[PDB]
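Below is one structure, written out as structure tokens, with a few remarks after it.
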Amino acid sequence: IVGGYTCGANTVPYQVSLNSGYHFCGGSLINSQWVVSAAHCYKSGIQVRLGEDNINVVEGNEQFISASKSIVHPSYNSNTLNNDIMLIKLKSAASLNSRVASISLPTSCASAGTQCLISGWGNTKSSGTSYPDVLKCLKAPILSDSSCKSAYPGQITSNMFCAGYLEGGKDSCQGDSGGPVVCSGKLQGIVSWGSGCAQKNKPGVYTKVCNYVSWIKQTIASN
Ligand SMILES: [Ca+2]
């Protein structure tokens, strides 16, 4: 997250870190057994880390639970990032508590202009590299479809939305991928892509979770 703020330990209790020997992507806990992330975060061999604040210190509220199954969306296209969504099943259910909690799936799609909370352990610099140890947060508004398409001509599908600031300076970034965009208390987006981070006229692009609720529900009812 570039231009964000330190969230505060366990104030984003649905945020997970995906670890394959090191943090590589975020995700969102949607119930005691299942995480939503980005399909481009697929790796074999994922351990889900819940209850994290500093990802490099065991502070005492973590749960580390191996994945048993990962399910990339059936229509994922890694070239365009259309349908950039994945489900990860935990080998055992998390113990839900004040620091490890699920986020609701949406009923309706969020609106342009809504301010959402985006979070992660990704890079904090637009130019260069600095990865935080503690979770960072950013409030960013959803942009109109027309503004999103103007920023990335020929690249935005109906399964994507833009959020952020066309002036630059505030965005998600590498290492935030897969993590949550929460609007009105529900999971509306997944950190997916963007041209660089926090550059002028190049806002973040997010997977539009409301288009996937019936796939998520039928998949979790079956696996
Ligand atoms: Ca930790």
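All residue names refer to the structure tokens as shown: chains lettered A, B, ... in order, residues numbered from 1 in each chain, ligands numbered from 1 in order.
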Just want the residues within 6 Å of ligand 1, written as a ChimeraX atom specification, counting only C-alpha atoms and all ligand atoms. /A:52-59
Can you check which residues of stretch 39-171 of chain A DSSP gives as strand (DSSP E or B) on the backbone and send them as JSON, numbers by chain? {"A": [47, 48, 49, 50, 63, 64, 65, 66, 67, 68, 69, 70, 71, 72, 77, 82, 86, 87, 88, 89, 90, 104, 115, 116, 117, 118, 119, 120, 136, 137, 138, 139, 140, 141, 142, 160, 161, 162, 163, 171]}
Give me the residues near stretch 122-138 of chain A as a PyMOL selection string, where near means some atom within 10 Å (using only C-alpha atoms) and where sequence neighbours in that chain fewer than 6 positions away do not count. chain A and resi 1-12+15+17+23-26+52-57+115-116+164+168-177+179+181+196-199
Using Å and a single decimal, report how far atom CA of residue A:216 sits from atom CA of residue A:69. 14.1 Å
Would you pick out the contacts of stretch 202-211 of chain A at 8 Å or less, using only C-alpha atoms, so that residues sharing its chain but fewer than 5 positions from it are not included, and give the list as a VMD selection string? chain A and resid 38 82 to 85 105 to 109 148 151 to 152 158 to 166 168 171 to 172 181 187 to 197
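Residue nearest residue A:32, chosen from A:20, A:47, A:102, A:223 and counting only C-alpha atoms: A:102.
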I need the alpha helix (DSSP H) residues of chain A per DSSP on the backbone, written as number ranges by chain. A: 145-151, 213-220
Excluding residue A:16 and any residue of its chain fewer than 5 positions from it, enumerate the residues within 8 Å of it, using only C-alpha atoms, and give them as a list in words.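 Close residues of residue A:16: residues 26, 27, 28, 29, 48, 49, 50, 51, 52 and 179 of chain A.
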Of the candidates A:86, A:79, A:201, A:19, which shows the shortest atom-to-atom distance to residue A:149, using only C-alpha atoms?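 Closest to residue A:149, using only C-alpha atoms: A:201.
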Just give me the gap between atom CA of residue A:88 and atom CA of residue A:178 in Å, one decimal is fine.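 According to the coordinates, atom CA of residue A:88 and atom CA of residue A:178 are separated by 11.3 Å.
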For atom CA of residue A:186 and atom CA of residue A:113, quote the distance in Å rounded to one decimal.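 Separation of atom CA of residue A:186 and atom CA of residue A:113: 15.7 Å.
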May I have the residues within 9 Å of stretch 217-220 of chain A as an MDAnalysis selection string, using only C-alpha atoms and disregarding those fewer than 6 positions away in the same chain? chainID A and resid 34 71 87 89
Selection above as a file: N, CA, C and O atoms, as a PDB file, in the first residue's frame:
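Ended up saving to result33.pdb:
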```
ATOM      1  N   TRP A  34     -12.670 -20.953   4.630  1.00  0.00           N
ATOM      2  CA  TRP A  34     -12.443 -20.501   3.240  1.00  0.00           C
ATOM      3  C   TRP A  34     -11.939 -19.094   3.199  1.00  0.00           C
ATOM      4  O   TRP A  34     -12.408 -18.206   3.883  1.00  0.00           O
ATOM      5  N   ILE A  71      -8.782 -23.350  -5.606  1.00  0.00           N
ATOM      6  CA  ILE A  71      -9.735 -23.426  -6.748  1.00  0.00           C
ATOM      7  C   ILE A  71      -9.662 -22.064  -7.450  1.00  0.00           C
ATOM      8  O   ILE A  71     -10.273 -21.087  -7.019  1.00  0.00           O
ATOM      9  N   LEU A  87     -10.502 -19.386  -4.662  1.00  0.00           N
ATOM     10  CA  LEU A  87     -10.855 -19.840  -3.303  1.00  0.00           C
ATOM     11  C   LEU A  87      -9.793 -20.741  -2.778  1.00  0.00           C
ATOM     12  O   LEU A  87      -9.201 -21.554  -3.518  1.00  0.00           O
ATOM     13  N   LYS A  89      -9.278 -23.415   0.458  1.00  0.00           N
ATOM     14  CA  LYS A  89      -9.850 -24.087   1.617  1.00  0.00           C
ATOM     15  C   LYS A  89      -8.780 -24.395   2.648  1.00  0.00           C
ATOM     16  O   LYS A  89      -7.675 -24.857   2.287  1.00  0.00           O
TER      17      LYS A  89
END
```
Pick from A:111, A:40, A:121, A:167: nearest to residue A:145, with only C-alpha atoms counted? A:111
